[PDB]
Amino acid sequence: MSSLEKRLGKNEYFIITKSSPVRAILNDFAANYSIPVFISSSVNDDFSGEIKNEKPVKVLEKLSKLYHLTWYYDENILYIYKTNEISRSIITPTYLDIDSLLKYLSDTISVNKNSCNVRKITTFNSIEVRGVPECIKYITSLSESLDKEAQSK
């Protein structure tokens, strides 16, 4: 399975409430499973009722489908956003060729999922990153540094 699913394990999740912010349900979930969590300020819905017998990965997928959420896990923190926070950004390094940049982005983070997708575009020496804000920021910072190292040689 995924690293996130492998970390969440197989112990099922139980909660009940008459009304709590979804932020608080997500927080209490992640923390039950010992997984550091970030929740965007856009995740402002309310949750009511009960979950039981639910496998953790299924809890997260069902919360995400109903509330229109996309998550991004980088082995350290689970970042939870609204799906509407996904954007596109073009990265065009000056000193480093884009094929080599990919070879460094691809062996240290997912580059295929809807939460963080990287692909070469037609624009010369250019890639488009499509993902949640933490994805864009991290790939943009890494690329800038990699480009700065190529400029030194």
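Start at 1 with the first residue shown and count on from there.
The question of which stretch, 1-9 or 143-151, has the higher mean Cα B factor is settled in favour of 1-9. Between 33-41 and 122-130, the higher mean Cα B-factor belongs to 122-130.
Highest C-alpha temperature factor among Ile91, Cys116, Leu26, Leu102 per the entry: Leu102. The entry lists a Cα temperature factor for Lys62 that places it in the middle third of the chain's modelled residues. The entry lists a Cα temperature factor for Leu69 that places it in the lowest third of the chain's modelled residues.
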